[PDB]
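Protein chains in written order, with the entry's author numbering: chain F, 242 to 360; chain E, 8 to 476; chain G, 217 to 267; chain A, 4 to 509; chain B, 205 to 406.
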Amino acid sequence: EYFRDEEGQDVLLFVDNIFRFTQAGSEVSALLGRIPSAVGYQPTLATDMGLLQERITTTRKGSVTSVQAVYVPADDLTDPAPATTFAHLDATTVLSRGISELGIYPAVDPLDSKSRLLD
Amino acid sequence: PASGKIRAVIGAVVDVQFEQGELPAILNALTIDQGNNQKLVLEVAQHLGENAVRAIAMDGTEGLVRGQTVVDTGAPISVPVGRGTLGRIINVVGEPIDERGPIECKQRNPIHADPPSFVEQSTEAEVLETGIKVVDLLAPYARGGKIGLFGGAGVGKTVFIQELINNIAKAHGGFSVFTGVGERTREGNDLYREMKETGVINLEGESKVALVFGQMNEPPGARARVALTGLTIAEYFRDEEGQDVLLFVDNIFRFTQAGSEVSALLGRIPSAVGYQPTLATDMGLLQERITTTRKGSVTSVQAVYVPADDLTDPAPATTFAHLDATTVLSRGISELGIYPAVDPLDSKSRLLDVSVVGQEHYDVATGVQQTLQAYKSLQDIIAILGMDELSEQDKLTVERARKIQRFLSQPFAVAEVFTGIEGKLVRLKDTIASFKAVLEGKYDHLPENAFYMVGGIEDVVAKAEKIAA
Amino acid sequence: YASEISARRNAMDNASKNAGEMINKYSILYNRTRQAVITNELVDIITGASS
Amino acid sequence: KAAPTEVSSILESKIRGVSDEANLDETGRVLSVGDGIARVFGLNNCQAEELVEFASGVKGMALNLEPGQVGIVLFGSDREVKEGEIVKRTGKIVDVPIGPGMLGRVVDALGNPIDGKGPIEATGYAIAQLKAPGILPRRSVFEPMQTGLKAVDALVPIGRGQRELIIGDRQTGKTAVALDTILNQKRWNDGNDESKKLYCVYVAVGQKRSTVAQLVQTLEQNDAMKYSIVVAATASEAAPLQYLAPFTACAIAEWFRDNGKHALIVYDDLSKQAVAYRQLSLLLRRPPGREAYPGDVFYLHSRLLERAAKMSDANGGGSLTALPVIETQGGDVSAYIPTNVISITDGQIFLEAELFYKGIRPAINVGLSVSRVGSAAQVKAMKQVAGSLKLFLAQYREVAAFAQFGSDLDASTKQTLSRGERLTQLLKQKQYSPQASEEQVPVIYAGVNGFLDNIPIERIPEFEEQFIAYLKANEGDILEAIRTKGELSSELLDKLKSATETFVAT
Amino acid sequence: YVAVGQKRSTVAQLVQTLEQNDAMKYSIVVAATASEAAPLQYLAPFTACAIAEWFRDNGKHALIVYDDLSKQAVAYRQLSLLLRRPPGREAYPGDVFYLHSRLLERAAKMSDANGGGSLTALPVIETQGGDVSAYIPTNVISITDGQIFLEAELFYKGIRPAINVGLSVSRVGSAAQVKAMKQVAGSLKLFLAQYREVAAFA
Ligand SMILES: Nc1ncnc2c1ncn2[C@@H]1O[C@H](COP(=O)(O)OP(=O)(O)OP(=O)(O)O)[C@@H](O)[C@H]1O
Ligand SMILES: Nc1ncnc2c1ncn2[C@@H]1O[C@H](COP(=O)(O)OP(=O)(O)O)[C@@H](O)[C@H]1O
Ligand SMILES: [Mg+2]
């Protein structure tokens with residue numbers, strides 16, 4: 242963020258993986274007094290993930306190409322850590338486990354991957 | 008004697024308050040005087056503090072007031088062991104429920120005890136001879152392990168348990184211990200009357216199997232402790248007398264369901280599929296005690312029941328990890344002409360290797376399993392293409408597979424009133440020699456009905472020569 | 217007509233064999249979903265009663 | 004950390020004096036009332052599961068005896084109890100009236116008569132939570148329970164002392180099989196043989212007020228309510244009255260089995276009794292388990308079903324039948340409450356909703372329903388015809404898929420399809436039309452031998468009434484000998500074959 | 205060898221077979237049966253990794269075999285459920301993935317400045333009907349560099365061991381192999397997976 246605001250450069254943020262930030266806070270949320278949410282997660286899942294994903298965006302001083310990777314919990318896209326991160330990304334690249342066993346390198350699902358620049 | 012006062016009574020859980028220093032430990036039986044009953048057993052679970060410990064009653068807690076006298080026995084739930092418990096119906100607290108007088112036992116062992124150590128265990132897996140032709144060749148039972156008896160109603164589950172206990176007491180000299188945990192009220196009365204007419208339980212003679220009553224009409228403490236009471240009587244015959252005892256737990260699924268009922272009512276959180284959190288600790292504490300020691304062994308022949316036909320559940324996968332053998336009784340035979348309905352392909356065991364039974368027994372077991380698997384898969388093509396539209400090698404293998412399926416079904420000694428044939432007790436050496444001669448072509452000219460209801464190589468030659476002339 | 221009837225028997229046997237493999241895979245998925253539904257429903261009642 | 008009992012109001016009493024009231028044993032003060040639960044402070048001499056009485060007139064049952072308070076479940080409305088009311092103890096446990104004077108009146112869950120016919124002459128008082136019979140005071144099921152249905156007396160035949168479950172979905176044949184079995188006992192209860200009679204015990208639990216009044220009016224018109232106990236337990240009462248309806252009805256029906264008579268309890272339904280026990284346990288601050296149930300879910304239904312057994316000759320020779328109806332969701336027999344009741348009972352009668360709309364009355368699947376007693380608790384005359392009919396019905400069910408292609412049937416395939424269709428249509432009976440053992444033995448012998456294969460499929464309904472009416476006027480000696488002796492000799496088999504062949508030509 | 209969750213008779217029979225073939229003189233055995241407490245079985249993985257780490261930090265190779273990884277996850281969930289915690293997927297706590305990732309990260313290969321030793325980890329995962337997409341199955345596959353799938357279909361036909369070529373792979377197994385075996389087996393992994401799909405449709 243300092244190279245795009247104080248210097249004005251197109252930074253490239255590469256997180257691997259982005260799903261470990263929400264899974265680390267759920268293990269310490271039970272000892273802080275907070276009640277469990279869905280699938281034993283923390284109650285502030287949308288508030289903690291929205292405060293970090295909004296700062297890695299493009300501003301008037303510089304851009305920031307975020308290329309993070311999400312991890313599906315036991316091959317499930319309806320989890321609380323996978324479905325909440327799909328509303329803060331312009332382009333998504335879902336990797337299905339069924340196409341990886343056939344010989345597709347990689348297993349780029351065309352029926353699940355969507356983006357906002359496809360016009 | 009250490010006395011206590013009842014402070015809480017919420018169903019099966021009853022809290023007792025002791026004094027300072029005289030507080031009982033965990034797994035301690037507490038005595039309580041009632042009206043018509045003798046003594047209300049209450050096993051101690053944990054201590055909540057402030058001179059108070061929560062206990063679980065093993066009977067009905069109706070009629071208990073706040074402030075009743077609760078005496079401490081000083082140890083766990085003791086039960087009567089030895090030769091005096093043979094032929095009598097015992098309970099979870101070691102009391103008789105057969106109305107035949109008290110069990111005159113010299114000593115009383117507790118139900119809560121540790122298992123064997125790593126230095127006192129068996130270094131080699133030995134095979135257990137059962138006497139059946141389809142058990143000593145296919146899925147062999149291990150000496151000191153667990154065997155699962157899976158089957159439906161009317162397939163031959165009650166007849167297989169009575170024939171295995173009589174054959175082990177005559178060829179090896181070992182007693183039995185039937186611990187029907189979680190059984191019904193009508194199933195307990197029918198099992199005691201059927202064993203007296205066959206010769207397993209004699210009131211005036213000599214018995215050879217113990218009866219442990221454990222119906223589901225009691226509370227959660229009596230059903231969960233029914234497995235520990237039956238296993239304590241069978242373990243005493245192998246450590247003090249030295250004999251290969253056989254324990255029966257009908258069923259195995261009732262022991263896992265009874266343990267989660269007392270744990271959920273105490274304050275513990277549930278696990279997967281509504282199970283208890285200590286599923287691997289409660290099932291492993293009772294399965295490790297039935298092993299092989301330096302003086303004797305203790306076989307287990309429980310009946311595992313799958314939950315809604317699911318082998319990947321928490322009550323099916325936890326009990327299958329300690330089972331060395333399996334006695335699957337499918338419904339495909341029975342009325343087909345097999346006594347009993349023993350599946351030669353579904354019943355598997357871990358002791359059927361070449362390093363445990365030898366190179367001679369491994370070659371005969373692999374040849375019989377390969378011929379039975381090829382004949383079962385070719386049944387769909389024989390009904391659509393006939394029996395004469397085959398090759399020379401397929402016609403000879405199909406004729407020998409029909410006689411091999413009926414040769415392993417021998418008549419038991421306790422089933423002589425249903426079939427009319429005599430009881431045949433084939434040994435381990437006689438069953439391996441008869442199966443190897445039929446696969447080599449020495450009995451290819453014999454008929455298919457000459458091997459049915461027979462046991463051994465000598466019985467097939469006498470039945471074939473007397474059928475025609 | 218004899219060749220079409222013989223070819224229809226092979227296609228019917230292959231369709232019945234393929235249906236048995238799909239039913240076995242669906243039974244394993246239904247057994248895991250039934251155990252997960254009982255654990256998810258019991259966790260919701262235990263969380264509301266402890267708060 | 005914190006606890007109840009002594010709090011604010013109750014805590015400002017022991018500081019000024021450690022005496023005040025000399026009771027604190029037989030009485031108590033209500034501190035918190037709500038959701039049918041009253042937290043009475045005190046009552047140290049009150050035993051477990053003991054009856055109580057409030058100041059307004061509502062009764063209670065102390066089941067959660069704590070160290071400072073006492074959780075009592077009120078049997079009525081919560082508007083009559085308030086904070087600070089006096090709650091006295093009765094000194095006895097939860098009991099109910101029993102005896103021969105309760106036959107002919109509809110009682111509730113506590114033994115009070117609600118039919119409006121005066122008092123009930125009770126000959127004894129038995130507790131609700133009673134112990135079941137042991138393994139030494141039980142005998143084999145040898146007596147036969149005549150239900151009246153042709154598909155129940157031949158397939159899954161129930162006996163005296165067994166537990167037959169009535170599983171099924173919504174409106175598929177759950178309460179229909181229990182009502183026809185109790186009304187079919189008029190041929191034995193109206194006579195003088197006390198060992199052949201069977202007193203019914205319908206325990207309506209969870210039903211509405213209109214359903215209990217319609218079932219009692221139908222039994223009185225057919226002379227069947229004079230020897231049948233009715234346990235009224237609607238859903239408009241408290242949770243303590245509906246949950247204790249199974250234990251109160253089993254205590255009143257146990258007086259006949261302990262004297263020398265037979266009884267038959269019909270717990271309708273088993274699904275409604277499990278919901279009443281879980282409601283009182285969730286409000287008493289207890290931990291739950293699977294499907295929002297307590298830890299003693301399997302022990303609550305197994306303790307009430309094990310008491311209905313057949314006694315031996317040294318105890319009196321009586322028996323008791325338990326007909327619990329398990330209301331399933333959508334045909335799933337492997338649920339939570341469905342699997343617990345089927346594993347504890349010695350047989351279950353399945354009822355599917357697909358077979359009821361086709362023409363099978365009632366819908367009873369032969370491939371799913373079975374009896375653990377077998378042919379040991381049936382008549383010898385009906386066992387000879389049911390042995391050959393069981394093998395023909397099982398072979399026709401597996402080959403029922405070839406009925407759509409009738410132009411490619413062989414010789415053995417056409418014989419099994421014609422005999423299997425006539426046997427299934429002959430066992431279909433109408434509502435409130437039970438048959439005896441003599442009329443069902445003649446109808447099953449004509450379809451198993453081959454005397455009904457020449458008739459059409461649509462003429463199976465007219466042939467059942469024509470053959471039964473002609474056998475009562477021409478060959479009356481063959482029908483009377485099969486009911487008195489109960490078996491069939493060599494002369495009865497030759498006379499039955501000659502009469503059926505002469506009547507099949509017209 | 206770290207036998208965690210196994211029976212008492214299975215641990216005694218496995219130690220007698222290795223001593224007869226001259227293989228128990230340089231092998232550590234960590235006995236951890238299921239008849240003990242829940243804390244002894246859960247701490248068996250951490251105690252066995254500390255004993256094998258002494259050889260890798262001095263100049264020697266070590267091979268750890270955690271049999272099994274499925275039994276260690278059930279023992280850790282029993283102590284967490286009794287302490288009033290939050291149960292997530294499959295009745296597991298939030299720190300279920302951190303317990304297996306921390307014990308497997310220590311088995312790495314050191315550089316020349318640390319001694320030159322290495323530690324190999326061989327964890328066995330017990331699947332329930334071949335369900336490789338479970339909670340405990342996906343957590344161990346995302347932290348290890350490869351896996352060896354053992355299908356139950358080919359094991360009953362005589363193919364021992366049933367090693368699926370289309371499922372099992374090795375990340376750092378190409379450069380850490382022998383040059384004589386890799387030259388003679390040219391395209392052996394690609395020809396084994398293509399021959400299984402063509403034989404099932406013929
Ligand atoms: N064998 C039969 N032939 C014709 N009608 C039947 C038969 N069995 C049941 N019925 C009809 O089904 C209706 C309901 O029967 P029943 O009282 O046994 O079930 P139910 O208690 O209404 O079921 P639920 O409790 O699910 O509503 C009755 O009105 C009756 O007319
Ligand atoms: N060796 C045998 N030969 C012939 N019939 C047998 C044999 N073993 C068992 N049976 C039959 O199997 C039936 C088992 O009945 P039962 O014990 O009530 O059911 P289950 O065996 O399922 O408990 C018996 O009726 C008996 O006739
Ligand atoms: Mg009804």
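The beta-carbon is built from N, C-alpha and C at its ideal position, and this holds for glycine as well.
| Asked | Found |
| --- | --- |
| Contact test: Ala-422/E Cβ vs ligand 2 heavy atom, cutoff 7 Å | yes |
| Pairwise C-alpha distance: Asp-261/A and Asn-318/A | 7 Å |
| Unbroken beta strand (DSSP E) run spanning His-265/A, endpoints | 265-271 |
| Among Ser-337/A, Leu-323/A, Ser-322/A, nearest to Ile-329/A - alpha-carbon criterion | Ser-337/A |
| Contained beta strand (DSSP E) runs [length at least 3] in the region 309-350 of chain E, N- to C-terminal order | 330-336 |
| Reduced DSSP secondary structure (H/G/I, E/B, other) of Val-43/A | strand |
| Cβ of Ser-243/G within 8 Å of any chain F Cβ | no |
| Contact belief for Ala-207/B with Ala-235/B at Cβ below 8 Å, rounded distance in angstroms | 6 Å |
| Min CB distance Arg-193/E to chain A below 8 Å | yes |
| Whole-Å CB distance - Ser-231/B paired with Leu-222/B, under 8 Å assumed | 7 Å |
| Cβ pair count under 8 Å reaching 3, the region 355-365 of chain A against the region 292-304 of chain A | no |
| Beta-bridge pairing of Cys-203/A - partner residues as DSSP gives them | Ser-231/A, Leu-267/A |
| Beta carbon proximity, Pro-291/A to chain G, threshold 8 Å | yes |
| Cβ of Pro-284/F within 8 Å of any chain G Cβ | no |
| For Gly-11/E and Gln-24/E, the rounded distance between their alpha carbons | 6 Å |
| Exposed unless 16 or more other CB atoms sit within 10 angstroms - verdict on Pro-284/F | exposed |
| When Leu-171/E, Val-188/E, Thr-186/E, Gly-187/E are compared against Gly-180/E, the one with the closest alpha-carbon | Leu-171/E |
| Exposure label - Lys-120/A; buried when at least 16 CB within 10 Å | exposed |
| Counted within 10 angstroms of its Cβ, other Cβ atoms place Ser-304/E as buried (16 or more) or exposed | buried |
| Min CB distance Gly-137/A to chain E below 8 Å | yes |
| Beta-carbon proximity list for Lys-17/A, same chain, < 8 Å, skipping 5 on both sides | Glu-9 |
| Any non-hydrogen atom of ligand 5 closer than 7 Å to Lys-177/A Cβ | Judged by which ligands are present, ligand 5 is missing from the structure shown, whose ligands are ligand 1, ligand 2 and ligand 3. |
| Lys-153/E - partner residues in DSSP beta bridges | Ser-307/E, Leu-330/E |
| Residue ranges of each alpha helix (DSSP H) within the region 419-479 of chain A, 4 or longer | 440-452, 463-474 |
| Nearest-angstrom beta carbon gap, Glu-102/E and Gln-45/E [assumed within contact, 8 Å] | 7 Å |
| Continuous alpha helix (DSSP H) stretch holding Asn-196/E: start and end | 192-203 |
| Stretch pair the region 433-443 of chain E + the region 459-467 of chain E: three plus CB contacts closer than 8 Å | yes |
| Proximity of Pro-122/E and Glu-295/E at Cβ, strictly below 8 Å | yes |
| Nearest neighbour of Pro-347/E, chosen from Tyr-459/E, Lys-355/E, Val-445/E [CA to CA] | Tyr-459/E |
| Neighbour list for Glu-52/A in chain E, Cβ cutoff strictly below 9 Å | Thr-68, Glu-69, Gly-70 |
| For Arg-95/E, the three-state DSSP class (helix, strand or coil) | coil |
| Proximity test, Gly-339/E beta-carbon vs ligand 2 heavy atom, cut-off 7 Å | no |
| Burial state of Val-126/E (16 or more Cβ within 10 Å) | exposed |
| C-beta contact flag for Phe-359/A and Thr-175/A at 8 Å | yes |
| Outcome for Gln-381/A when other beta-carbon atoms lying within 10 angstroms are tallied against a minimum of 16 | buried |
| Exposure of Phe-255/E, with buried meaning 16 or more beta-carbon neighbours within 10 Å | buried |
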